[PDB]
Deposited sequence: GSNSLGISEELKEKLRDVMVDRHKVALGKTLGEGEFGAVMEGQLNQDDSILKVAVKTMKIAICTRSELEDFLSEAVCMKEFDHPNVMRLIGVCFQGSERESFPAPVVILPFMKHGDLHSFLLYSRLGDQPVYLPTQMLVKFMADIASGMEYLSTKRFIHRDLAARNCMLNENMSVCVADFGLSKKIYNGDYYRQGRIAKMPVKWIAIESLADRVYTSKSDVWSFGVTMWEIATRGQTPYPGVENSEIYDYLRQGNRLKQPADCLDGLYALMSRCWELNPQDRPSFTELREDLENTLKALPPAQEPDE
């Protein structure tokens, strides 16, 4: 009656086969994996969190969030496959062969094979995040860790929002969230403005030369991310609106999706 949701979210550790490591972190390790989906085998991403559970309430909260994340059904939102325990929690996600959005933007210029991404492709990436964020907003979900690095690329080169701040940096957090530790969908809008800038600059570091400890004062003194020379006044106006001091002055994710889609049809395809 109650735990019928635990039945779905749980994944048998004897059906998961680890392969090559995809990357290392401070919060865990991620590997390429094979999931025995009874009759079929599925290529997955396996994130094992280095930080183990120490209380019943911590184990309770993880499993609640996991059920919330498995309920996500949108083309621009990562669909959580399931959860394990190595107790250290494990997370099973679909295998996204094109990797994270930040790495893609960063390798486009700073790679051995440097290809210039057209403004329309960049505006579509932004539109893809706002669509997934509009979905999460309606489902009353707060991401808390929105960034190009936490955005995945589908096989159709479509972007989808991922992570969902489950491992709960500063340069994406809204001014009110740095100050009061209060998080809303309006603070997610701020983070999205930073992400749009991250896409427009093609993976540049927000606030260069500013340290995380200086960030609150830098923002508090009125400073915001400067407009890129190659970026359109209209696109930068959308960014700036997300960084408005008063959260109620910031646009909604439905508003952003519309303005981004409007500018996208005006631009060349595809």
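Within the chain's deposited sequence, the coordinate-free stretches run 1-9, 96-102, 185-200, 303-307 in sequence order.
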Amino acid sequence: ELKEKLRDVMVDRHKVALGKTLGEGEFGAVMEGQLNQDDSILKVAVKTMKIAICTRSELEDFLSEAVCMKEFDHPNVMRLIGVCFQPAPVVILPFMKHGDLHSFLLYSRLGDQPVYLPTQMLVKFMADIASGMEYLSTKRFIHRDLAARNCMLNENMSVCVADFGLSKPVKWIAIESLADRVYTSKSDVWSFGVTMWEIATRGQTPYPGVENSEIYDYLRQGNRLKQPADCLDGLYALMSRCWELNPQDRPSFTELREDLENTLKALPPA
From here on, numbers count along this sequence of modelled residues.
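Taking the PDB entry as given, 104-112 carries the higher mean Cα B factor of the two stretches 123-131 and 104-112. Annotation for 45-53 versus 236-244: the higher mean temperature factor (C-alpha) is found in 45-53. Ranking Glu65, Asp217, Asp230, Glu58 by Cα temperature factor from the entry places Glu58 first. Reading the B-factor column for the CA atoms of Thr195, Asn150, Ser177, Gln86 in the entry, the top value corresponds to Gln86. Per the deposited record, the Cα B-factor of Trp190 falls in the lowest third when ranked against the other modelled residues of its chain. Per the PDB record, residue ranking by Cα B-factor puts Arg250 in the lowest third of the chain. Placement of the Cα temperature factor of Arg181 within the chain: highest third of the modelled residues, per the deposited record. Compared with the other modelled residues of the chain, the Cα B-factor recorded for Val30 ranks in the highest third.
In this PDB entry, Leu166 carries a Cα temperature factor that places it within the highest third of its chain's modelled residues.
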